[PDB]
Asker: 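Just passing along the structure, written as structure tokens.
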Protein chains: 2
Amino acid sequence: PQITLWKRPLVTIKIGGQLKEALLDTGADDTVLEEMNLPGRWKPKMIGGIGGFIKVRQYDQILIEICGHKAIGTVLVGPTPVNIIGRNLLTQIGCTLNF
Amino acid sequence: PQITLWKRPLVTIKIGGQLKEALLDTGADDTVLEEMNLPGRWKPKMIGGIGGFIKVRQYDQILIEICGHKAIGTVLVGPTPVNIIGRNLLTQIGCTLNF
Ligand SMILES: CC[C@H](C)CN(C[C@@H](O)[C@H](Cc1ccccc1)NC(=O)O[C@H]1CO[C@H]2OCC[C@H]21)S(=O)(=O)c1ccc([C@@H](O)CO)cc1
């Protein structure tokens, strides 16, 4: 679809068999989700944002469906203020900016 | 134009008589700019992201040109590591997400 930006670009995602809401975030290199249980192995990592750095669990090669489009990539889980979908997955679903 | 998201969507902006590089960021409600000594009145504000909050100065009715597209609105100035064009101005230049 074409998404205007008068409201937050919030969409429903499916990950680990569970539905969630997440923000399409072109300013994020990576995808960061709030604390949750995910199956498989993970590795501890750090990620930095506007206010500093947080510890996250890195899950690689995770199936995630975004607004009806499938992606398989890295998902970081940790104390992010909101679920954000970053460019690593936005590219997979064919997302572009247009003006 | 159309901007793919393989790399950060950085564009040139003009504000306060200065040219800068900034992110077209659908994940930001507001526009956040690196420290710069703009004239005029302002109101303190705090915005939160990954890592916590930073203190910024809110300036209103600021003229800003983004890829030759003119806009005017609120800009937040503070110790951000990157210049961020948020939805308050992306809507004014006709920017959409498409997939
Ligand atoms: C809460 C949702 C997100 C987190 C909100 N942010 C926008 C988001 O695009 C930031 C921009 C950014 C920040 C610092 C460095 C690089 C890019 N990207 C980001 O953190 O990405 C992470 C994951 O991938 C990596 O790549 C880049 C960093 C890593 S914000 O800047 O903190 C923000 C908070 C409140 C407001 C107010 O106006 C009300 O909205 C405006 C903006």
Side-chain angles (χ1 to χ4, degrees), chain A residues 3 5-6 8-11 13 20-35 44-60 62 64 66 71 73-92 95-97, chain B residues 3 5-11 13 15 20-35 42 44-54 56-60 62 64 66 71 73-92 95 97:
Chain A
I3 299 174
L5 299 170
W6 311 96
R8 289 170 175 154
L10 293 162
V11 300
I13 62 166
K20 290 171 166 289
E21 187 174 62
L23 182 69
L24 302 182
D25 186 351
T26 56
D29 304 342
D30 307 308
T31 293
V32 192
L33 301 186
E34 296 187 285
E35 183 57 35
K45 290 279 194 190
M46 305 292 297
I47 188 141
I50 201 169
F53 287 73
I54 61 172
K55 294 171 52 175
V56 295
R57 315 196 305 277
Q58 177 173 328
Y59 296 82
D60 292 317
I62 294 293
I64 172 167
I66 303 163
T74 299
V75 175
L76 312 180
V77 180
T80 175
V82 301
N83 299 325
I84 55 177
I85 307 304
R87 291 186 298 100
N88 71 307
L89 301 183
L90 295 176
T91 55
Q92 294 200 16
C95 191
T96 63
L97 289 162
Chain B
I3 297 166
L5 301 171
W6 299 111
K7 74 190 205 201
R8 296 190 172 193
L10 291 170
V11 299
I13 65 169
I15 173 159
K20 298 158 172 289
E21 299 299 287
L23 291 172
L24 303 179
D25 192 353
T26 62
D29 296 351
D30 310 296
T31 291
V32 194
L33 301 179
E34 63 179 297
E35 177 56 44
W42 55 274
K45 190 175 166 84
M46 270 170 84
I47 57 171
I50 289 174
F53 287 76
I54 61 167
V56 298
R57 306 192 304 280
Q58 174 180 334
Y59 297 84
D60 296 323
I62 296 304
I64 173 159
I66 307 155
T74 299
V75 299
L76 314 174
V77 183
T80 176
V82 60
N83 294 313
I84 295 166
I85 306 303
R87 295 188 295 100
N88 70 310
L89 303 179
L90 296 175
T91 56
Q92 300 188 26
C95 188
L97 287 168

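Counting convention: from 1, in listed order, for ligands and their atoms alike. The chains referred to below are lettered A, B, ... by the order of the sequence lines, with proteins before strands, and numbering in each begins at 1.
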Asker: Considering only heavy atoms, does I47(A) approach ligand 1 within less than 4.0 Å through its side chain, its backbone, both, or neither?
Answerer: side chain
Asker: Let's go through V82(A) and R8(A) carefully: what are the C-alpha distance in whole Å and the side-chain angles of both, what is the deciding distance for side chain to side chain contact (heavy atoms under 4.5 Å, CB included) to 0.1 Å, and is it a yes or a no?
Answerer: CA-CA 12 Å; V82(A) 301; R8(A) 289 170 175 154; over 6 Å; no
Asker: Under 4.0 Å from any heavy atom of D25(A), which atoms of ligand 1 are there?
Answerer: 3 (C), 8 (C), 9 (O)
Asker: Give me the residue, atom name and distance of the protein heavy atom closest to atom 41 (C) of ligand 1.
Answerer: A28(B) CB, 3.5 Å
Asker: Check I84(A) against ligand 1 and report side chain, backbone, both or neither, counting heavy atoms closer than 4.0 Å.
Answerer: side chain
Asker: With a 3.5 Å distance limit and no angle check, can you tell me whether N88(B) reaches the backbone of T31(B) through a side-chain donor-acceptor pair?
Answerer: yes
Asker: If you take all heavy atoms of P9(A) and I3(A), which pair is closest and at what distance?
Answerer: CB-CG2, 4.2 Å
Asker: Which one of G27(B), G27(A), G51(B), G52(A) has a non-hydrogen atom at the shortest distance from atom 5 (C) of ligand 1?
Answerer: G27(B)
Asker: Atom 32 (O) of ligand 1: which protein heavy atom is closest, and how many Å away?
Answerer: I50(A) CG2, 3.0 Å
Asker: If I compare all heavy atoms of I47(A) with all of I50(B), which pair ends up nearest, and what's the gap?
Answerer: O-CG2, 3.9 Å
Asker: Measure across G27(A) and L23(B) and return the closest heavy-atom pair with its distance rounded to 0.1 Å.
Answerer: O-CD1, 4.1 Å
Asker: Should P81(A) be listed as contacting ligand 1, given a heavy-atom distance under 4.0 Å as the test?
Answerer: yes
Asker: Quick test: of every protein heavy atom, which one is nearest to atom 34 (C) of ligand 1, and how far off is it to 0.1 Å?
Answerer: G48(B) O, 3.1 Å
Asker: So which protein heavy atom does atom 16 (C) of ligand 1 come closest to, and at what separation?
Answerer: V82(B) CG1, 3.6 Å
Asker: Would you mind listing which atoms of ligand 1 come within a distance below 4.0 Å of any non-hydrogen atom of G49(A)?
Answerer: 14 (C)
Asker: Below 3.5 angstrom, do we get any N/O pair linking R8(B) and ligand 1?
Answerer: no
Asker: Taking all non-hydrogen atoms of both residues into account, name the closest pair between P81(B) and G49(A) and its distance.
Answerer: CG-O, 4.3 Å
Asker: Check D30(B) against ligand 1 and report side chain, backbone, both or neither, counting heavy atoms closer than 4.0 Å.
Answerer: both
Asker: Search all heavy atoms of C95(B) against all heavy atoms of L97(A) and return the closest pair with its distance.
Answerer: SG-CD2, 3.7 Å
Asker: Could you point out which residue of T26(A), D25(A), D29(A) forms a side-chain hydrogen bond (donor to acceptor under 3.5 Å, both in side chains) with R87(A)?
Answerer: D29(A)
Asker: Check for a donor-acceptor pair, side chain of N83(A) on one end and backbone N or O of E34(A) on the other, with a separation under 3.5 Å.
Answerer: yes
Asker: Considering only the protein, which heavy-atom contact is closest to atom 25 (C) of ligand 1, and what is its distance?
Answerer: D29(A) N, 3.5 Å
